[PDB]
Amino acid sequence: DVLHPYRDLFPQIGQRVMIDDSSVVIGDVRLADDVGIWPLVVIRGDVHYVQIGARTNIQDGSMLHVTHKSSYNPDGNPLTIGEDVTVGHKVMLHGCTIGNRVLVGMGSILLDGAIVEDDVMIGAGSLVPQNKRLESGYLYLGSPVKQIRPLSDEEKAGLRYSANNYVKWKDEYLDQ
């Protein structure tokens, strides 16, 4: 009872996907293999689609939506998330684009049109302005975010570690 339709739009689920019973997934939401949706999360893909790549976790209390229809976006815009992405607790993602191996710090807000490239870390409580592009391989922090410094190889490997740890984490629940 966690998946809901919007007109004739319904979530498409891959293999080993975990969606907490307390969460709400509405409309055109594509969840790739090993995606884990934790407690009290809302993902709404009504005016456009939401695409979440393999081995990506959407942590507790996050809210994911697409860009609404307006003069700037007559048909709105989708929310796209790559593979091995760690979306922290209470993160707000709105019609943005996130690449692969990205860690979005808990409590952050990513606005419409924002584009986050691969291997990027966003500190907790950050705000990414509309249409802002976050260059690959850097640490961003602040409200609004500022490019702080490039990530070390160890840090970049940690991005993969985070995604893998959460894949094992959701499997432990699908196992219970």
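Residue numbers run from 1 along the displayed sequence.
> Between 23 to 31 and 55 to 63, name whichever shows the higher mean Cα B factor according to the PDB entry.
Looking at the recorded C-alpha B-factors, 23 to 31 comes out higher on average.
> Comparing 69 to 77 with 87 to 95, where is the mean C-alpha B-factor higher?
69 to 77 has the higher mean C-alpha B-factor.
> Which one, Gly107, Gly123, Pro150, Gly45, has the peak C-alpha temperature factor per the PDB entry?
Out of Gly107, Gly123, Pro150, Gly45, the record gives the largest C-alpha B-factor to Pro150.
> Would you mind ranking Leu9 by its C-alpha B-factor against the rest of the chain and naming the third, lowest, middle or highest?
For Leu9, the deposited C-alpha B-factor lands in the highest third.
> Please rank the C-alpha B-factors of the chain's modelled residues and tell me whether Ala157 sits in the lowest, middle or highest third.
For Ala157, whose C-alpha B-factor we compare with every modelled residue in the chain, the answer is the highest third.
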